[PDB]
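Here's the structure we're looking at; comments come further down.
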Amino acid sequence: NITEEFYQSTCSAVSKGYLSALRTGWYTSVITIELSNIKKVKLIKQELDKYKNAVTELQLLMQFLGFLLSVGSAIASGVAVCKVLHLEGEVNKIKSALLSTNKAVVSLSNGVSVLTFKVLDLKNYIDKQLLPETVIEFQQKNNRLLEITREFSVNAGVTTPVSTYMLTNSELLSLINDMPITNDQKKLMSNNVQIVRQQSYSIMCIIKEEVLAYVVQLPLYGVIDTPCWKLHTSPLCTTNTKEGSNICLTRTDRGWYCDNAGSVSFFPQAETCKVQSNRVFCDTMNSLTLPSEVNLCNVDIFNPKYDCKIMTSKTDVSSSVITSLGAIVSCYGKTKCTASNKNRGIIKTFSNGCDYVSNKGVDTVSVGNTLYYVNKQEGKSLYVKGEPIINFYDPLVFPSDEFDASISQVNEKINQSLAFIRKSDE
Amino acid sequence: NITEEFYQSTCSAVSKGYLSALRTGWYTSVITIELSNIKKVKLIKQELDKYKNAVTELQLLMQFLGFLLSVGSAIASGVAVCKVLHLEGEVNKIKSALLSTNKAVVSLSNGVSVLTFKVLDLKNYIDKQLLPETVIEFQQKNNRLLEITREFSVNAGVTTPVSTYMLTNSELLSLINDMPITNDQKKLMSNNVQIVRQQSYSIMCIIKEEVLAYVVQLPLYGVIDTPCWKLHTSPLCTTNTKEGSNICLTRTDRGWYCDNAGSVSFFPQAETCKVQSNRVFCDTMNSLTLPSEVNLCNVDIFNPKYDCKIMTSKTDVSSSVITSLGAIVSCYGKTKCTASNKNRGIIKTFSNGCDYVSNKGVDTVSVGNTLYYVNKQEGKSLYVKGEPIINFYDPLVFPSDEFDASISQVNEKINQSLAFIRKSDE
Amino acid sequence: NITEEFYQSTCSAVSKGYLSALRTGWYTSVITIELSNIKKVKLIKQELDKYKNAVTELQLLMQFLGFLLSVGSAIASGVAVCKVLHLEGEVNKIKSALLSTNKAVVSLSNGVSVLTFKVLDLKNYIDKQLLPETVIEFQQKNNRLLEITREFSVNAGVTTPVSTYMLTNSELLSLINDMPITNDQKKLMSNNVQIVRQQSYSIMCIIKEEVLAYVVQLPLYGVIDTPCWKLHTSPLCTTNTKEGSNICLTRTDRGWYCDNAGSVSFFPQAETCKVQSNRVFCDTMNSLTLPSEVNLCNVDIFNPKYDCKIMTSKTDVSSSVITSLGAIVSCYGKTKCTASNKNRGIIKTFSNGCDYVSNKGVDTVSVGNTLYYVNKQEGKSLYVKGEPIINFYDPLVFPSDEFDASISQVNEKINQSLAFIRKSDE
Ligand SMILES: Cc1ccc(O)c(Cn2c(NC3CCN(CCN)CC3)nc3c(C)cccc32)n1
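Chains as they are written, first to last, in the authors' numbering: chain F, 27 to 65, 75 to 98, 137 to 205, 218 to 511; chain F', 27 to 65, 75 to 98, 137 to 205, 218 to 511; chain F'', 27 to 65, 75 to 98, 137 to 205, 218 to 511. A prime marks a further copy of an entry chain.
As structure tokens, then:
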């Protein structure tokens, strides 16, 4: 199932065996709550005043390679719907369709078909029972309105993750079933609703004509079940005796990779992706589209089809990288890097250089004064032995500070340092 | 109103037409809640014990160019007030002035005039009605105390945004009216209270002599209605056939710019600023003070009055930048960059290079495997055609990795690469 | 007590006098809540249905030198315990020991001794009193279950800081006393429980056999009361008349330093550390282990025992750094940098260069259009006058863009710029 390979030659590891679940687009839906414009006998007297204060508040409300990523507007789609609800009659168009039912699709003015929902009916409640047991239904239906108000006030009207007050599980699962997507998307979203909530936006919209409206921006997973893999990289330095004469090298192309429509979506920020079992939930807005030949950098970093990105330095500090099925340890200098078991203690001492250890039998990794716990996910690891490529470079002609560089950029910068020695032969 | 210009020569865009609302200073106010030191008939028995537990908890509580920004202490002003409240008698000085009223100004010991507030009076409530209808007022007045306690415990005593429990809308708006500032500030803060909350701090202070105190740090908007504009920049690379031989260039001076007292405040992190309609709420602590000649970089990047900051690389990856009134697309390589309408599909395919499209008629922008929604704010855009300045450079003498550089730094580094060729003429 | 020294020669300051409280390891504990599998008289009718909905939800739930830091898995230890609770019989092993008591240690299958806790007993409550005063105990015991559910749903099952619903103060303090650590750790954690909460994780685990379980990951403070100090650095540029001909220099080794087992733990991100009085709560996962000779860079930056890290540029923009006992001001160009008192106004105007001022007598620092408040902590400051080291460099042979560099890297790069002039003598 989940496997992992470590490349001693490049001091990197690839955790493959995952499945994709990428957000490609958005789905907007207008959630409405009908309100009553109002102006045992004493319990409602103080609970109805919370209603007058929530409406009072809501009216005051409306009235390494990460630097290469694009800069988009996340809620640009949802706000594009709220500018339509501000139009005259566009509110009554929704209030008319949501008359005899709570779920109805309303074709808006600008050719936008939105799935509207009437999740709460306070107008039909305050005007039917609160005109001079039922205090329970009021104190509970009003409590949800207060909670929607609290989230929209301490967030300037944009909520994420979408809480159960903006959309209950019964409303959300019913909204997932009714929205028109494939059967694979419907069950993927239904089995991981808390992930859909974290990738969803609740946008305060308008209060007009006894109605509170707010758009719930939901993710569309156009890419499902395609192979994904996470690349872990660590510095690869030399281990010479005299400190300072050491040169380093680090693959900067680390992050989440997923096959996507002939190309490969690369997420340089592994926190934009979320792993549930072997499923990887990412957001394409934080991605880069790369040719599928980018995977060649793991096996052969010197391949001619893709220029693998690296960074160079002389800072040979020790660091560890907890991988999906093990840990990469870059031990340099006088650092004490060990790998220990829970009930037995230290089982391996890392020699100077970049080494690797699997989580099978290892519980913690110690580098210096820091203790790192390894992930105990079951999986098979593989150690691909090889000569560290940092030994292939001459330290005297090695560029000591390149960050947005690659294998070829370093090689093409070394060769014209060897043009200066064509004058040295005088 | 809101306009935008795109510069093809520099692959950048300027969204002008905004108004300023910058936080220049702070305003401290001590919010107090009087407590009763205590030690239908059974409802209060379990509600009064929440009071004993909240007080028990609170006693345990107290007892690109972003790297150029300054490093300040945000709550340095508010904490400077809490060290004054710990002084002996300084608590009783407040408890004495807040005797017959809830709002009173207390001149503190170190020459600090603070606007004190008694938002809740539990001592006057527990000692007047809870000694052996009113269970409502207790269960609601005590519920606010519990909520103030919950926020101060899960935040180590510092709360932002200031919730309605720390300061209700009635208390906040009354605190805004009573604080001594100009009439323009009072209405700006009163119409955007949820923005003031997000720029405010609630700092737990002290519990001494039956009183709970906490300072609410409020923003002062010394700069209002001055012109602001947001600069969007994208990489500008060459489109040669052989990949790798391409050189790139990107204006690093992007962010929010606002005219401010002869100079211009520059916010390199556009997330420190918040846009409501055409108003821009920024925080000067995340700003840089630049000469007003910085705006010359948009029209002429080679102007002699200001050295426009750029960064160079050979990484010609495709990226898009969703602007205020459109989108900038930097399409390089085999990437499929398109701009589509909602109900009609693709309307433009971007050729290789840096192009631009306005939101009038365009709903989405596709670059690679990513879909970006454009902001649908109404405004007039302008395409300033011009020769891309990256064509003016020779790739063989082009510095391939400069980040904290400028136009002159590149030109002064190219010329001494042309001193090496004065030896080449042998 | 708390002191501070400013180094004019290197434009840096060291705030010493602190004590350490570093998280070295974790402590896992399984928190359990027994549930009843169910399927004045009408109050429970709607409160018991919240119980059926919380269980319904939870079942859907489960079923500068910062780039040198390591990459670990924070909850790798806690999740390693939840994979053990999913084993058959491992749930009943816990449900058996927590029979006659609420606190009991359960030795798990994989040789893991965990301190289990039964914080809530709803099975013993619903099955003892809710089969056809007590509505109070139900509406309050059920309200905690709802709050644990709300946090676990809007956070995908991982909560931090651990709220009082996951673990009350009575349960937490009792869990701190019963866990086996030294007496110094027990009182350190008991006096700063809100800090322990912010460094703790609440991980949703399993619902099986009428039991809800979730692991609370607690910090272990293996390093206590060792000396700590925070290094503040600011750019140090030249003040030549013609702008652009100026060279800059900045010590990149800023952050929190703490003596730790012969070495020194360095935290380049000062936000990973938390200061309470003179105690510094850090997390070693965001640390680097450096030789104790790193402190030599403050007194003599040119010392031969450690290569002090610096960065160079030509960007002479003005910036300020609010220190622990004062403020560092780097005033360059036409910027107006002042230091003012509260009741008297400007008391010092900063000349061009890097200067410093103590908080004794100063309340604010103004640099450009920004107002910075100084921290008013009582302490003695010291101004170590010295020649700024930037004057020791020739601007014509000064590397204008080095970030991951040091004193020796610059000196070894200057000398081979002086090899090019051995050809200039022709
Ligand atoms: C080694 C390293 C590690 C992490 C880090 O954030 C940086 C900072 N940094 C540099 N490096 C500068 C400039 C280029 N080089 C200049 C050689 N003449 C080296 C010093 N280029 C950057 C780019 C392009 C984007 C974002 C950050 C960049 N460098």
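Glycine included, each C-beta is placed from N, C-alpha and C at the ideal position.
_Quick check: is any heavy atom of ligand 1 less than 8 angstroms from the C-beta of F':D401?_
no
*Just reading off the alpha helix (DSSP H) that F':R336 is part of, what are its end residues?*
Note, F':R336: premise wrong, no alpha helix (DSSP H); beta strand (DSSP E) at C333 to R336.
*Taking 5 angstroms as the limit, tell me which residues put their C-beta closer than that to any heavy atom of ligand 1, in chain order.*
F:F140, F:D486, F:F488, F:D489, F':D486, F':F488, F'':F140, F'':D486, F'':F488 and F'':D489
*Where the alpha helix (DSSP H) through F:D263 begins and ends*: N254 to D263
*Bridge partners - residue 515 of chain F', DSSP secondary structure assignment*: What is shown of chain F' runs 27 to 511, which leaves residue 515 of chain F' out entirely.
*Excluding sequence positions up to five away, which residues of its chain have a Cβ less than 7 angstroms from the Cβ of F':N197?*
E60
_Tell me the residue span of the beta strand (DSSP E) that contains F':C37._
Per DSSP, F':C37 belongs to no beta strand (DSSP E) and is neither H nor E.
*If you drop the 5 nearest sequence neighbours on each side, which residues of the same chain put their C-beta closer than 6 angstroms to that of F'':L48?*
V308, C367 and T369
_Quick check on this structure: which residue in F'':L258, F'':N380, F'':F387 and F'':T434 has the alpha carbon closest to the alpha carbon of F'':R282?_
F'':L258
*Name the residues in the stretch 462-479 of chain F whose C-beta lies less than 9 angstroms from a C-beta of chain F''; which are they?*
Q462 and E463
*Starting from the beta carbon of F':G329, find every residue of chain F whose beta carbon is closer than 8 angstroms, and list them in chain order.*
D392 and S493
*If you drop the 5 nearest sequence neighbours on each side, which residues of the same chain put their C-beta closer than 7 angstroms to that of F:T434?*
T423
_Under the three-state DSSP convention, the category F':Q270 falls into_ = helix
*asked:* Tell me whether the stretch 397-406 of chain F and the stretch 331-349 of chain F touch, counting them as touching only if at least three CB pairs, one residue from each stretch, are closer than 8 angstroms.
replied: yes
*Any C-beta of chain F' sitting closer than 9 angstroms to the C-beta of F'':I280?*
yes
*Please confirm whether F'':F137 and F':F140 have their CB atoms less than 9 angstroms apart.*
yes
*Counting only beta-carbon atoms, is F':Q283 nearer than 9 angstroms to chain F?*
yes
*Using a Cβ cut-off of 8 angstroms, pull out every chain F' residue sitting near F'':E218, in sequence order please.*
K77
_Among F':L456, F':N380, F':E256 and F':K271, the one whose alpha carbon lies nearest that of F':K176_ = F':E256
*Between F:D440 and chain F'', is there a C-beta pair that is closer than 9 angstroms?*
no
*Residues of chain F with CB under 8 angstroms from F'':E92, in chain order?*
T249 and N254
_I need the straight-line Cα distance from F'':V414 to F'':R235, nearest angstrom please._
47 angstroms
*Given that a residue counts as buried once 16 or more other Cβ atoms are within 10 Å of its Cβ, and exposed if not, what is F'':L503?*
exposed
*Rank F:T326, F:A39, F:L203 and F:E30 by C-alpha distance to the C-alpha of F:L78 and give the top, closest one.*
F:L203
*Where does F:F223 fall in DSSP's three states?*
helix
*Is the CB of F:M370 under 9 angstroms away from at least one CB in chain F'?*
yes
*Assigned exposure category for F':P205 - 16 Cβ within 10 Å defines buried*: exposed
*Just the Cα atoms here: how many angstroms apart are F:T219 and F:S238?*
29 angstroms
*Where F:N27 falls: helix, strand or coil (DSSP)*: coil
*Count the CB pairs spanning the stretch 444-456 of chain F'' and the stretch 292-307 of chain F'' that are closer than 8 angstroms, and state whether there are at least three.*
no
*Sort out for me which residues DSSP pairs F'':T318 with in a bridge.*
F'':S38
*Sort F':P304, F':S509, F':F483 and F':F352 by Cα distance to F':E497 and report the nearest one.*
F':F483
*Please confirm whether F'':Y457 and F':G151 have their CB atoms less than 9 angstroms apart.*
no
*Between F:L456 and chain F'', is there a C-beta pair that is closer than 9 angstroms?*
yes
_Counting only beta-carbon separations shorter than 9 angstroms, does F:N345 have a partner in chain F''?_
no
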